[PDB]
Amino acid sequence: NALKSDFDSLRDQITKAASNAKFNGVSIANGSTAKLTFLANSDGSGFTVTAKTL
Amino acid sequence: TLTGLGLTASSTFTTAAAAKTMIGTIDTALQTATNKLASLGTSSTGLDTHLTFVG
């Protein structure tokens, strides 16, 4: 039972860590979006980064 | 003026997609403005050449 209680507490800390992974309101790892697109040239063509949910 | 450049007094963007379109809109506006000023400069040089001839 002690090992099971430690396991569950570490599992909740994972949710805390993943939910706080934001930079000025945007995240590539908290699951809130499927991709982010950054500017690649002056015409506005994108540099996509696929989201990796954690 | 804004209407001569292909824009309006209300031109704006409300979303990231509208801003992505506005990029090309402003590109066209700057291109047409530089063509207009190039024609005015050629007209000014033509007036100066004609003034020399009239003298």
# chains A, B, ... in the order shown; residues from 1 in each chain; ligands from 1

call {"tool": "interface_residues", "arguments": {"of": "chain B", "to": "chain A", "cutoff": "10 Å", "atoms": "only C-alpha atoms", "output": "list in words"}}
result
residues 19, 20, 21, 23, 24 and 27 of chain B

call {"tool": "write_last_selection", "arguments": {"atoms": "N, CA and C atoms", "output": "PDB file, in the first residue's frame"}}
result
ATOM      1  N   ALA B  19      -4.966  38.348 -40.678  1.00  0.00           N
ATOM      2  CA  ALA B  19      -3.669  39.008 -40.753  1.00  0.00           C
ATOM      3  C   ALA B  19      -2.787  38.373 -41.819  1.00  0.00           C
ATOM      4  N   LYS B  20      -2.880  37.054 -41.969  1.00  0.00           N
ATOM      5  CA  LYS B  20      -2.116  36.383 -43.010  1.00  0.00           C
ATOM      6  C   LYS B  20      -2.559  36.839 -44.394  1.00  0.00           C
ATOM      7  N   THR B  21      -3.846  37.145 -44.557  1.00  0.00           N
ATOM      8  CA  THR B  21      -4.320  37.725 -45.817  1.00  0.00           C
ATOM      9  C   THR B  21      -3.899  39.188 -45.968  1.00  0.00           C
ATOM     10  N   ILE B  23      -1.252  40.513 -45.067  1.00  0.00           N
ATOM     11  CA  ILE B  23       0.131  40.604 -45.535  1.00  0.00           C
ATOM     12  C   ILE B  23       0.171  40.868 -47.037  1.00  0.00           C
ATOM     13  N   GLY B  24      -0.557  40.062 -47.811  1.00  0.00           N
ATOM     14  CA  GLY B  24      -0.577  40.251 -49.248  1.00  0.00           C
ATOM     15  C   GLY B  24      -1.313  41.501 -49.673  1.00  0.00           C
ATOM     16  N   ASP B  27       1.166  44.219 -49.214  1.00  0.00           N
ATOM     17  CA  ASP B  27       2.159  44.085 -50.274  1.00  0.00           C
ATOM     18  C   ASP B  27       1.696  44.744 -51.561  1.00  0.00           C
TER      19      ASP B  27
END

call {"tool": "select_by_dssp", "arguments": {"residues": "chain A", "states": "strand (DSSP E or B)", "output": "PyMOL selection string"}}
result
chain A and resi 23+26+35-39+46-50

call {"tool": "write_last_selection", "arguments": {"atoms": "N, CA, C and O atoms", "output": "CSV table (one decimal), in the first residue's frame"}}
result
chain,number,residue,atom,x,y,z
A,23,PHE,N,4.5,29.2,-22.2
A,23,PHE,CA,5.3,30.4,-22.4
A,23,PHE,C,4.4,31.5,-22.9
A,23,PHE,O,4.0,31.5,-24.1
A,26,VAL,N,0.9,30.1,-24.3
A,26,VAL,CA,0.9,29.1,-25.4
A,26,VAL,C,1.8,28.0,-25.0
A,26,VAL,O,2.8,28.1,-24.2
A,35,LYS,N,-0.6,21.9,-33.3
A,35,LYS,CA,0.6,22.4,-33.9
A,35,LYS,C,0.7,23.9,-33.7
A,35,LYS,O,-0.3,24.6,-33.5
A,36,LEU,N,1.9,24.3,-33.7
A,36,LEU,CA,2.2,25.8,-33.7
A,36,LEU,C,2.9,26.1,-35.0
A,36,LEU,O,3.7,25.3,-35.5
A,37,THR,N,2.7,27.3,-35.6
A,37,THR,CA,3.3,27.7,-36.9
A,37,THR,C,4.0,29.0,-36.7
A,37,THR,O,3.3,30.0,-36.4
A,38,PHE,N,5.3,29.0,-36.9
A,38,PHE,CA,6.1,30.2,-36.8
A,38,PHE,C,6.5,30.7,-38.1
A,38,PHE,O,6.5,29.9,-39.1
A,39,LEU,N,6.8,32.0,-38.2
A,39,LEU,CA,7.1,32.6,-39.5
A,39,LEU,C,8.4,32.1,-40.1
A,39,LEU,O,9.4,31.9,-39.4
A,46,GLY,N,4.9,29.4,-43.3
A,46,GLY,CA,5.1,28.9,-42.0
A,46,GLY,C,6.2,28.0,-41.8
A,46,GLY,O,6.7,27.4,-42.7
A,47,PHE,N,6.6,27.9,-40.5
A,47,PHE,CA,7.6,26.8,-40.1
A,47,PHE,C,6.8,26.1,-39.0
A,47,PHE,O,6.7,26.5,-37.8
A,48,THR,N,6.1,25.0,-39.4
A,48,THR,CA,5.3,24.2,-38.5
A,48,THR,C,6.1,23.4,-37.5
A,48,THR,O,7.2,22.9,-37.8
A,49,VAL,N,5.6,23.4,-36.2
A,49,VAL,CA,6.1,22.5,-35.2
A,49,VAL,C,5.0,21.6,-34.7
A,49,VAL,O,4.0,22.2,-34.2
A,50,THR,N,5.0,20.3,-34.9
A,50,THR,CA,4.0,19.4,-34.4
A,50,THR,C,4.0,19.4,-32.9
A,50,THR,O,5.1,19.2,-32.3

call {"tool": "atom_distance", "arguments": {"atom1": "atom CA of residue 1 of chain A", "atom2": "atom CA of residue 16 of chain A"}}
result
23.2 Å

call {"tool": "atom_distance", "arguments": {"atom1": "atom CA of residue 34 of chain A", "atom2": "atom CA of residue 25 of chain B"}}
result
28.5 Å

call {"tool": "residues_around", "arguments": {"residues": "segment 3-6 of chain B", "least_positions_apart": "3", "cutoff": "10 Å", "atoms": "only C-alpha atoms", "output": "short mmCIF file (atom, residue, chain, number, x, y, z; two decimals) with N, CA and C atoms, in the first residue's frame"}}
result
data_model
loop_
_atom_site.label_atom_id
_atom_site.label_comp_id
_atom_site.auth_asym_id
_atom_site.auth_seq_id
_atom_site.Cartn_x
_atom_site.Cartn_y
_atom_site.Cartn_z
N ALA B 9 -10.98 52.91 -45.14
CA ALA B 9 -10.84 53.52 -43.83
C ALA B 9 -11.07 52.53 -42.70
N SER B 11 -10.04 49.16 -42.97
CA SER B 11 -9.20 47.98 -43.15
C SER B 11 -8.52 47.60 -41.84
N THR B 25 -2.35 41.88 -48.93
CA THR B 25 -3.02 43.15 -49.24
C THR B 25 -2.06 44.34 -49.12
N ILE B 26 -1.32 44.42 -48.01
CA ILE B 26 -0.38 45.51 -47.82
C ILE B 26 0.77 45.43 -48.82
N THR B 28 0.46 44.47 -51.97
CA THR B 28 -0.07 45.11 -53.16
C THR B 28 -0.17 46.62 -52.99
N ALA B 29 -0.53 47.09 -51.80
CA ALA B 29 -0.65 48.53 -51.60
C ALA B 29 0.70 49.22 -51.73
N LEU B 30 1.75 48.64 -51.14
CA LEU B 30 3.08 49.23 -51.24
C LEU B 30 3.60 49.19 -52.67
N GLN B 31 3.33 48.10 -53.39
CA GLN B 31 3.77 48.03 -54.78
C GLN B 31 3.09 49.10 -55.64
N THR B 32 1.78 49.27 -55.48
CA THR B 32 1.11 50.26 -56.31
C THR B 32 1.51 51.68 -55.91
N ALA B 33 1.81 51.92 -54.63
CA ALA B 33 2.26 53.24 -54.23
C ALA B 33 3.63 53.57 -54.82
N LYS B 36 3.17 54.46 -58.45
CA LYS B 36 2.60 55.79 -58.62
C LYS B 36 3.65 56.87 -58.42
#

call {"tool": "decode", "arguments": {"residues": "segment 10-24 of chain B", "atoms": "N, CA and C atoms", "output": "PDB file, in the first residue's frame"}}
result
ATOM      1  N   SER B  10     -11.686  51.388 -42.985  1.00  0.00           N
ATOM      2  CA  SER B  10     -11.951  50.365 -41.986  1.00  0.00           C
ATOM      3  C   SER B  10     -11.036  49.152 -42.084  1.00  0.00           C
ATOM      4  N   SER B  11     -10.041  49.160 -42.967  1.00  0.00           N
ATOM      5  CA  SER B  11      -9.202  47.981 -43.149  1.00  0.00           C
ATOM      6  C   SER B  11      -8.516  47.595 -41.843  1.00  0.00           C
ATOM      7  N   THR B  12      -8.565  46.310 -41.512  1.00  0.00           N
ATOM      8  CA  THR B  12      -8.016  45.784 -40.265  1.00  0.00           C
ATOM      9  C   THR B  12      -8.044  44.262 -40.351  1.00  0.00           C
ATOM     10  N   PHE B  13      -7.558  43.607 -39.300  1.00  0.00           N
ATOM     11  CA  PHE B  13      -7.640  42.160 -39.176  1.00  0.00           C
ATOM     12  C   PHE B  13      -8.128  41.820 -37.777  1.00  0.00           C
ATOM     13  N   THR B  14      -8.988  40.810 -37.667  1.00  0.00           N
ATOM     14  CA  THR B  14      -9.491  40.380 -36.369  1.00  0.00           C
ATOM     15  C   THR B  14      -9.027  38.995 -35.950  1.00  0.00           C
ATOM     16  N   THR B  15      -8.350  38.257 -36.823  1.00  0.00           N
ATOM     17  CA  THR B  15      -7.867  36.917 -36.524  1.00  0.00           C
ATOM     18  C   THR B  15      -6.512  36.733 -37.182  1.00  0.00           C
ATOM     19  N   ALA B  16      -5.814  35.672 -36.786  1.00  0.00           N
ATOM     20  CA  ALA B  16      -4.519  35.383 -37.386  1.00  0.00           C
ATOM     21  C   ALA B  16      -4.633  35.078 -38.875  1.00  0.00           C
ATOM     22  N   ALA B  17      -5.729  34.448 -39.301  1.00  0.00           N
ATOM     23  CA  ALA B  17      -5.914  34.184 -40.725  1.00  0.00           C
ATOM     24  C   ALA B  17      -6.170  35.470 -41.501  1.00  0.00           C
ATOM     25  N   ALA B  18      -6.934  36.391 -40.916  1.00  0.00           N
ATOM     26  CA  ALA B  18      -7.144  37.675 -41.565  1.00  0.00           C
ATOM     27  C   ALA B  18      -5.846  38.464 -41.673  1.00  0.00           C
ATOM     28  N   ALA B  19      -4.966  38.348 -40.678  1.00  0.00           N
ATOM     29  CA  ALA B  19      -3.669  39.008 -40.753  1.00  0.00           C
ATOM     30  C   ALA B  19      -2.787  38.373 -41.819  1.00  0.00           C
ATOM     31  N   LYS B  20      -2.880  37.054 -41.969  1.00  0.00           N
ATOM     32  CA  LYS B  20      -2.116  36.383 -43.010  1.00  0.00           C
ATOM     33  C   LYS B  20      -2.559  36.839 -44.394  1.00  0.00           C
ATOM     34  N   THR B  21      -3.846  37.145 -44.557  1.00  0.00           N
ATOM     35  CA  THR B  21      -4.320  37.725 -45.817  1.00  0.00           C
ATOM     36  C   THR B  21      -3.899  39.188 -45.968  1.00  0.00           C
ATOM     37  N   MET B  22      -3.919  39.930 -44.865  1.00  0.00           N
ATOM     38  CA  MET B  22      -3.551  41.334 -44.905  1.00  0.00           C
ATOM     39  C   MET B  22      -2.096  41.518 -45.304  1.00  0.00           C
ATOM     40  N   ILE B  23      -1.252  40.513 -45.067  1.00  0.00           N
ATOM     41  CA  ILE B  23       0.131  40.604 -45.535  1.00  0.00           C
ATOM     42  C   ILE B  23       0.171  40.868 -47.037  1.00  0.00           C
ATOM     43  N   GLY B  24      -0.557  40.062 -47.811  1.00  0.00           N
ATOM     44  CA  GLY B  24      -0.577  40.251 -49.248  1.00  0.00           C
ATOM     45  C   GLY B  24      -1.313  41.501 -49.673  1.00  0.00           C
TER      46      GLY B  24
END
